[PDB]
Each structure stands twice: as C-alpha cells, then as structure tokens.
Amino acid sequence: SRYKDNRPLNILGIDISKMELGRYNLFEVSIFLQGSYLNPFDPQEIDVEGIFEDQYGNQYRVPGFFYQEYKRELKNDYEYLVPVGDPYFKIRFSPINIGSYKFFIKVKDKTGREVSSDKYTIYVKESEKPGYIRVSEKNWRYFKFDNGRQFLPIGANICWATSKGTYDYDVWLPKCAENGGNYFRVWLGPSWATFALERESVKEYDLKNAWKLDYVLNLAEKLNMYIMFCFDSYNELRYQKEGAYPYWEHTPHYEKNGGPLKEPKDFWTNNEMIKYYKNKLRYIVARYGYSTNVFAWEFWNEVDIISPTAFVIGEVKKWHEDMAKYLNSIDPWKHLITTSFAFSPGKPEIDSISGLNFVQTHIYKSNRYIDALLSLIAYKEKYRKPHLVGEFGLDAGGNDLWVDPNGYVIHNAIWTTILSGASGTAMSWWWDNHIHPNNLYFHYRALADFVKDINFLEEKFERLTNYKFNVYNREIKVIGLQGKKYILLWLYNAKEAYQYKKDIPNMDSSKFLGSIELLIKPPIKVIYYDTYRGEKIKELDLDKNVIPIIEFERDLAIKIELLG
C-alpha cells in the first residue's frame, strides 16, 4: 500500500487530451484526485469510471486506472525509467461511431462516498483506422477488421526484450513492419517479463512495466501492427522439481512471496486470487482496451504444462468460461479472447468454450513438420472458429539457431500454414537471437507480397484435392488452396526442403521439370513466384488445364487466376 490515500474523496483537476479526434483514436482524460484507499489498483478501494455516450444510443462504461509518468533513457546498455511527477488516474477511450459524444467522470472510494464531474462534449470525425479485429462473419477461418477488410496475421512472437527494453522494440518492430509484418505477441507474465504487471505482487501492478507496454502499443499504432497480449505463462504455476523453466517458488502468487496461494492448484478456485485476477483484467481493459492495436487477450501461455499437481481440467475449464465472460462483460470494445497449450492438438474441453473466440496451436517438431501442420489445421476445423499457429519451431531447445541460420524452417512453416487454411502465418519463436540477427524478415516480405491482393474472406478456399502430378525423378509435393477466382500452390522438394546447410536459392534457369493437372476451366493465367526473392519469375497465359512446373531448388509458389 505505498500508494495509499486517506483524504475526503474529491476530484481536484482534469486534463483532456483533445476535444476533437478521429474514429478509433485515443481520447485520454487525466485526473488528479484525493480520496480514501489502500490500493489504487483495487476497485473496492477506489473505483474511477468514465461514462461515455454517442448520439446513437450507445453507452460505454470505461474503468479508469492508476498511472505514473516516466522519462526513458538508454543508460549504457539498459533502459532506465525516471519518474516524472506524482502518479494520478487516467481514462482511455476510443470512439466507434463518429459524431458527438457526451461523457462524465464518476469516482467512488471505500467510504461509499461518490463524486462526479459535469458532462463534457467531444466531437469525432472520420479517420483512416479500420477498427477492431473480430472473427469474419463470411468465413469463420479468418479474422476481419470492423470495416470489413481482412486481418491476415503475418509476423512472429516478439514476447520480451533484453535489458534494452523498449529500445529493442524500436529496432525489431520497424524491421518487421517494413517486411510485411502486422502481428506480434507479448508476455505480461511471469514476473521477469518486460511487461510484467504482477512484478512484486498480485495485488498491485508495476507502473514502470505498464508504461513500457504503453510505449510498445503506441509504436504498434504508428506501424499498423496488432498485438496478442499473453497475461500469464505456465512457469508461474510450475514447481522447481518439475523443470522447464519453473517459477512457482519465485512468483508473487505464492504465499512465501506474499501472495494468497499455498500451492498452484488453488489458483483456479481461491476466492482472493480470483478477485485479484479480476482486478488485473479490469486494469488491463482500463489501460489498453481502447486500442484497436490489441488483436487479442490471451489468458495463458501453455496452461496444460503448469504443475500436474495444479491442472484440474474441470476447474481450468470453468475458470476460462467464467473469466472470458467477465472480461467480455467489462471490455467496452469486446476484444477477441483465446488461450494456449503446449500439447499441439490442444484440449477440446477448453478450446470448444464459446467465450474463446479462436483456437491456437504450439508445435516444436523437427521431422516432417509440414505434414504435422497440415494435419493439425485439418483437425481444428472442427471448432468452426479461426486457428492461429501461435508458436512454431524445430526444437524448444533452440537447435534452430545452429542448424538453420537461413530460416528455411520458418519459411516452410509460414507457406504451409497460409496455404493450408489457417488464419495467418505460423508464428516463430527466437525473435531476438535468430530472426533479427540473421535478418530473416525477407521470408515474410515474400509471403506478404504473394497474398497481399487475395481476399481470403471472399474466395471460399478449400484445400486442393483433385490434382495429378506428372513429375519424373523428383519427389515434389504440393500444398494448395482452390477458390472461386484463384488457385494458390506451394510446391516443395520433399528431399531438399528439410536440408538447411545450403545457400539461399538463386534461381537462374527456368527449364521445364514436370506438370500438375487441375480441375479448372480455361482460360487461366499462371504466375510463378520466387518465394525467396519475393518476385514474379514468369507469367503464362494458358488455354488448357495442364500447368507446367518450372525447375526450382527447394520450393516454388504458383498463383493461378481463373479467368473463365
């Protein structure tokens, strides 16, 4: 309770960021107040709210949150944050409709006293922003923005920084975005994470780390990138004796460290922990919910590998059901909600929860991972909601960095996942020690440029099924999608695709190798696409349904337009 107050409840002053702003832009109110509370992060101690109403009958009840300003510097080789001024409270709002809004501020503290402001009027004009990300109503395999444009996530995990903190995101994110990236994932736990809110306590949240997350969210806003926020990771609830980077002994949840829990099993049902967790969800909604650059709220990283002493399937299921209902109810903008598993097929009792809007896969597999991805994507179509391969690599142990410096594994996975029908790319690990130093972003640029003009929401793509290969003395395989106006093929050499010691293909020749016959109606236009240089190699107008395959080293993309 370092931030306690014991004065009669009064609003002292307010600052309004701007009285006119654009659709989906941030409207920020800053509030100085005094009152009686032991913990500004607990709504039973102090409850700040903004009540906003448009001219179309919609009301928004926006929780407010405690804030400390900082000034950042790169002091030697680490980020250093200097506090500026006293902490105070904020309300962060984003308008969905344009036009006029009225709003007022309401505050209640532990004494039961309530105070309110007068009503203020603001004006919202049209903007370029596409809105929040939702599941597509036209094709449940994919995401959309509110404005109807597709959101096809292309990117990687970028879940924490080095000691350089936000200065690492200053480097990684512009490089990702200039190479077709629009997506990343960050971690808000365990307590060592860059953006850890529960750093020293589960009752009070870390204002420095929350400020870093502000900064990175603002950078995503400037770069048109969209972020999955992962609230907790399994390490928090895994005992030392169980390995796999366990952190229970160090986590603030444990009674040894000041928390309410005697053991991780009690996380799911302890009333005090549930209350604190709901307070955390309220803080996250208050501080970040306004942002259309929040793609999704993710409760857990790999909740199935918490301690086996703590995983009770019915309790974990009920907790996800109840927390998804609570989060949705307090989030004025109704962001997407998900969770994840280490077990690649996931847990159907949890994945089928209606309140989880999409499902995920994590998979680290060294052999025949192309087939594994295809199989998992086919399997999870049973849920009739989008599927994000949210973690991918060869080996949780990092063998990738030594065996595949050119990123062929990432390359194979991102092409496989997009052309197998998943909602976006397989999302690599190793952002800091592999993707960036090896400059692997070109793989994403080539894929992004291949799919950029295809509307997955309209094509009614199905996996390619009726094809005949005529290829002699080479074992070529195909992953493909057949749609209303396009067929998209990724062809790979089953031998070479899993061999990583070779230099990046430099395609010079374009000899004839073989053919693929497809069930289509001429005429058609065939585009051959170099998946490494990210460019068209050759274009062929065809009057029959036999598509030549030109020579390639490792893999080749083909885009076929149904003209007839």
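In UniProt numbering, the protein residues as written are 34 to 597. Heads up, the beta-carbon is just placed ideally off N, CA and C, and yes, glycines get one too.
Take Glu-78 and list the residues in its own chain whose beta-carbon comes closer than 6 Å to its own, dropping the five residues that flank it on each side.
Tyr-70, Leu-71, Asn-72, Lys-143
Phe-217 and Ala-189: beta carbons closer than 8 Å?
yes
Counting only runs of 4+ residues fully inside the stretch 138 to 210, write out the alpha helix (DSSP H) ranges in chain order.
none
I'd like the ranges of any beta strand (DSSP E) spanning at least 3 consecutive residues and lying wholly in the stretch 335 to 388.
369 to 371
Which residue or residues does DSSP assign as beta-bridge partners of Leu-522?
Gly-513, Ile-591
Option in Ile-468, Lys-415, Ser-387 with minimal Cα separation from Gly-426
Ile-468
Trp-366 and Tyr-525 closer than 8 Å at C-beta
no
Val-392 and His-420 - do their beta-carbons sit closer together than 8 Å?
yes
Taking DSSP's pairing of strands, which residues face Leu-54 in a bridge?
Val-157
Just curious, the alpha helix (DSSP H) that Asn-251 is in, first and last residue?
240 to 256
Taking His-395 as the reference, give the member of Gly-388, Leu-369, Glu-424 with the closest Cα.
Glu-424
First through last residue of the alpha helix (DSSP H) which encompasses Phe-489
489 to 492
Nearest-angstrom Cβ-Cβ length linking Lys-123 and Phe-98, presumed shorter than 8 Å
6 Å
Endpoints, the alpha helix (DSSP H) within which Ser-408 is located:
402 to 413
Report the rounded CA-to-CA distance for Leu-59 versus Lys-528, giving the unit in angstroms.
52 Å
In this structure, how does DSSP classify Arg-478 when only helix, strand and coil are distinguished?
helix
Proximity winner among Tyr-565, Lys-558, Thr-564, relative to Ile-580 (alpha-carbon distances):
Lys-558
For the 8 Å Cβ check, are there 3 or more pairs between the stretch 253 to 267 and the stretch 330 to 349?
yes
Go ahead and pull the three-state DSSP assignment for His-420.
strand
I need the DSSP call for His-286, collapsed to helix, strand or coil.
coil
Just mark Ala-429 as buried or exposed, buried being the case when its beta carbon has 16 or more other beta carbons within 10 Å.
exposed
Contact check, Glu-112 vs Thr-199 under 8 Å by CB: the rounded distance?
6 Å
Given this structure, state the Cα-to-Cα distance separating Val-249 from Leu-521, to the nearest angstrom.
35 Å
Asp-38 - partner residues in DSSP beta bridges
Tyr-70
Closest to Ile-591 by C-alpha separation, out of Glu-572, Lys-577, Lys-544, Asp-437, would be which residue?
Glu-572
Under the three-state reduction of DSSP, which class applies to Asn-43: helix, strand or coil?
strand
Within this structure, are the beta carbons of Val-484 and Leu-185 separated by less than 8 Å?
yes
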